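What is reported rests on the model, the rules as stated and the sources as named; no laboratory instrument gave them. Virtual Cβ from ideal backbone geometry, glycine too; neighbours counted across all protein chains shown.
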Amino acid sequence: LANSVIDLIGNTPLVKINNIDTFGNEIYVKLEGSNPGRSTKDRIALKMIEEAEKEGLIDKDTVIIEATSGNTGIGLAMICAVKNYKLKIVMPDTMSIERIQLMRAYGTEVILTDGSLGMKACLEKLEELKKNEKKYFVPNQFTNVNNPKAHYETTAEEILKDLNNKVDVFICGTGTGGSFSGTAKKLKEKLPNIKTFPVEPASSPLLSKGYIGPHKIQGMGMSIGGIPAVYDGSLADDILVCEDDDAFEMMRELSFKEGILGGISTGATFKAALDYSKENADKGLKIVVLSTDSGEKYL
Amino acid sequence: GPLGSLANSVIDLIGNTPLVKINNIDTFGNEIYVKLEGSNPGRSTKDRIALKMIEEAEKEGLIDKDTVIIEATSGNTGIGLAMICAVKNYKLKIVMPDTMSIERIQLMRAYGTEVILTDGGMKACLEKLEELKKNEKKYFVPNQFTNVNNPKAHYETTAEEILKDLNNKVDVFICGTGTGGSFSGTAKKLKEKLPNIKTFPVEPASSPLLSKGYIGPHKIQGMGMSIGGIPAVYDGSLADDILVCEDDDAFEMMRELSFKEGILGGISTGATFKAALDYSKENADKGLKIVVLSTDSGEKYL
Ligand SMILES: *Cc1c(COP(=O)(O)O)cnc(C)c1O
Ligand SMILES: *Cc1c(COP(=O)(O)O)cnc(C)c1O
Ligand SMILES: [Ca+2]
Ligand SMILES: [Ca+2]
Ligand SMILES: [Ca+2]
Ligand SMILES: [Ca+2]
Ligand SMILES: [Ca+2]
Ligand SMILES: [Ca+2]
Ligand SMILES: [Ca+2]
């Protein structure tokens with residue numbers, strides 16, 4: 001049994017890659033698309049909310065407000081449905097329309113900003129909305145320690161247990177930097193020799209080249225006006241990148257060859273991982289790729 | 001470790017779907033548990049039947065590495081087959097009309113399916129199906145409507161999971177029907193282990209074939225039969241009664257489940273759940289343990 005969909009968050013499957021040539025290393029994909037909200041962001045939605053509740057920051061009529069690229073809004077929408085909280089999301093109009101439709105299916109109210117101004121414009125508009133709300137809580141995923149902490153506590157522990165502590169490499173897409181940073185932090189505390197790499201869009205190479213740009217790898221990229229506080233760059237053994245088209249193409253390779261329907265960021269992160277494997281061919285490495293969301297919302 | 005989720009392929013993710021208790025919607029003093037078949041990696045219960053139909057055919061020798069799998073279907077069965085065939089490297093052709101959603105067409109194509117489009121009735125699909133058979137040296141047609149591996153998969157897995165998760169404490173099972181396989185396979189097994197259990201199929205109120213002997217238009221995707229006729233895999237001798245749901249109520253309940261429970265099920269989940277609520281209300285405060293099958297997740301209908 002589960003008492004609610006909240007009990008289904010986490011404990012996601014880790015699936016071996018069998019048909020794609022992985023160059024004498026084993027690649028496993030952690031399917032965060034299996035979460036009830038269809039993304040890893042269910043984990044951070046749950047922890048940011050539950051810790052706020054414990055700290056006395058959320059009453060039953062507190063309005064939760066958050067700027068999001070989409071999946072955090074979906075995870076929050078779903079949790080707020082179960083908990084009967086009111087959620088308002090500020091988001092860019094440039095994201096997949098399926099994100100909006102998913103949030104609205106859970107009863108979430110969406111306010112739209114100009115996508116060409118990035119997540120900075122969402123964070124700005126959220127300040128304006130605060131003035132009309134008598135009682136609110138802003139999870140603030142780009143600074144809230146409970147974003148990476150969720151991954152440190154659950155995601156990483158699931159990887160360690162499922163692979164019985166045999167993990168050589170962990171590769172993960174970045175937006176807030178929380179899933180990479182929290183998971184890599186725990187992994188490195190237990191496995192001192194593990195290598196952990198973040199991936200960013202080749203068209204918005206903030207970490208590897210020092211500038212941003214438009215890209216199509218939804219959920220990835222840093223557009224708040226700097227590197228998020230929750231990103232811990234000291235954990236990165238190197239910065240990996242992926243082009244927009246290669247991400248789309250790899251997303252299709254995964255579905256055609258593995259029956260894995262991941263998002264565009266999954267295509268990006270997996271491409272980066274497969275390239276890494278090719279560069280480190282025939283070492284018998286156990287390589288784990290975080291698939292941040294499922295692909296249904298991008299078709 | 002023993003309670004971990006390491007998987008060899010997405011095939012290992014099929015089945016073992018969770019039961020979730022309903023807490024916020026009034027269920028009238030009975031306990032309603034929804035079995036979320038949307039948790040399957042192809043997002044519906046049809047992964048179970050796609051898996052069993054293909055694997056039994058492999059075992060029979062009906063599928064060689066170069067056998068083309070061919071099925072005339074516009075629904076979740078096509079998706080389930082597509083995903084399975086992606087993993088197993090079989091060529092799949094799915095025949096469906098001109099007039100179907102890009103939603104499902106694109107999902108099937110994402111797994112590598114050749115979707116062949118005809119003119120929208122089903123009669124024109126069958127002639128294309130016959131034409132493709134004639135063009136292929138080797139083929140296998142699963143035929144979800146006649147293949148006993150449809151209900152057998154549910155008899156073997158779906159029903160056993162329900163018994164295990166509720167420690168054999170199940171009073172009522174309610175399930176939407178299209179092929180009738182999930183209802184008939186699951187109810188068969190549950191009744192063998194639990195002789196007092198009541199088992200009810202649900203059909204669309206505006207296509208009440210089983211309850212009133214005719215077909216009509218409805219919007220409960222995945223449910224409903226054709227004439228055509230009642231599929232071979234439906235076993236009406238298991239049905240304690242036939243329940244129905246109108247289109248409007250199915251959509252409303254779909255919305256209610258996502259708003260109040262954070263459960264995003266398909267239209268048939270709304271229909272089946274509405275039928276179970278109407279049943280639970282006629283039997284209020286009996287502490288009945290009622291299981292509803294949620295056949296797919298709701299994303300594709302948004
Ligand atoms: C948020 C998100 C990411 C990046 O994850 P972070 O933990 O924020 O760095 C990648 N892909 C998708 C689809 C996302 O929603
Ligand atoms: C196939 C399907 C049904 C009906 O299930 P059967 O086992 O064919 O009777 C109900 N809902 C959806 C979404 C389906 O795809
Ligand atoms: Ca240590
Ligand atoms: Ca190092
Ligand atoms: Ca390119
Ligand atoms: Ca009551
Ligand atoms: Ca045999
Ligand atoms: Ca193929
Ligand atoms: Ca193909």
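With respect to the conditions (1) within 16 Å of ligand 7 (Cβ to nearest atom); (2) of a type outside the set (A, V, I, L, M); (3) buried (at least 23 other Cβ atoms within 10 Å of the Cβ), B:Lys152 lacks only one, and its number is (3). Just one of the listed residues (A:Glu296, A:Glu249, A:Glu279) is away from every other protein chain (no Cβ under 14 Å), away from ligand 4 (no atom under 16 Å from the Cβ) and of a type in the set (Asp, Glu), namely A:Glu279.
Among the residues of segment B:159-181, those identified as within 14 Å of another protein chain (Cβ to nearest Cβ) and in a helix (DSSP H, G or I) are B:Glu161, B:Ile162, B:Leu163, B:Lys164, B:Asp165.
Okay, residues lined up against (1) buried (at least 18 other Cβ atoms within 10 Å of the Cβ); (2) within 16 Å of the chain's Cα centre (by Cα):
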{"residue": "A:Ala184", "(1), (2)": "yes, yes"}
{"residue": "A:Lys190", "(1), (2)": "no, no"}
{"residue": "A:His215", "(1), (2)": "yes, no"}
{"residue": "A:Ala236", "(1), (2)": "yes, no"}
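For the subset of segment B:88-104 comprising residues that are more than 24 Å from B:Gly228 (Cα to Cα), within 21 Å of the chain's Cα centre (by Cα) and surrounded by 13 or more Cβ atoms within 10 Å (Cβ to Cβ), which member is nearest to the other protein chains (Cβ to nearest Cβ)? Talk me through it step by step, then tell me what you get.
Applying the first criterion (more than 24 Å from B:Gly228 (Cα to Cα)) to segment B:88-104 yields B:88-92, B:102-103.
Among the residues that remain, those that are also within 21 Å of the chain's Cα centre (by Cα) are: B:92, B:102-103.
Keeping just the survivors that are surrounded by 13 or more Cβ atoms within 10 Å (Cβ to Cβ) gives B:92, B:103.
On the way: B:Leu92: 11, B:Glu103: 7 Å.
Only one residue fits best here, namely B:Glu103.
What do you reckon, is A:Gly56 more than 9 Å from chain B (Cβ to nearest Cβ) and either crowded, with 17+ Cβ neighbours inside 10 Å or closer than 30 Å to B:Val292 by Cα (or both)? Judged against the criteria, A:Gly56 is not a match.
Scoring B:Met122 on the criteria (1) surrounded by 17 or more Cβ atoms within 10 Å (Cβ to Cβ); (2) more than 12 Å from every other protein chain (Cβ to nearest Cβ) leaves a single failure, condition (1). A Cβ distance below 6 Å, combined with a sequence gap of six or more or placement on separate chains, defines the contacts here; from segment B:120-144, residues that are on the phi < 0 side of the Ramachandran plot reach residues that are of a type outside the set (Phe, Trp, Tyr) and part of a loop (DSSP other than H, G, I, E, B) in the pairs B:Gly120/B:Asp98; B:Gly120/B:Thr99; B:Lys138/B:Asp66; B:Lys138/B:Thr67; B:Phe140/B:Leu62; B:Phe140/B:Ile63; B:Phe140/B:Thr67; B:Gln144/B:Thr179. Only one of the numbered conditions (1) away from ligand 8 (no atom under 16 Å from the Cβ); (2) over 22 Å from B:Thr146 (Cα atoms) is not met by B:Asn76, and that is (2). May I ask you to say which residue of B:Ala86, B:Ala124, B:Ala153, B:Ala110 is more than 16 Å from ligand 4 (Cβ to nearest atom), small (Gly, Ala, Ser) and assigned by CATH to the domain that holds B:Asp296? Answer to the selection: B:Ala153. The set of residues from segment A:1-30 being in contact with a strand residue (DSSP E or B) (Cβ under 7 Å, 6 or more places away or on another chain), within 8 Å of chain B (Cβ to nearest Cβ) and either among the hydrophobic types (A, V, I, L, M, F, W, C) or farther than 30 Å from B:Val291 by Cβ (or both) comprises A:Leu1, A:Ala2, A:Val5, A:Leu8, A:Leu14, A:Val15, A:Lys16, A:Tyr28. Just one of the listed residues (A:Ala156, A:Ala184) is away from chain B (no Cβ under 14 Å), of a type outside the set (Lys, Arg), in contact with a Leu (Cβ under 7 Å, 6 or more places away or on another chain) and under 16 Å from A:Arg43 (Cα atoms), and it is A:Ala184.
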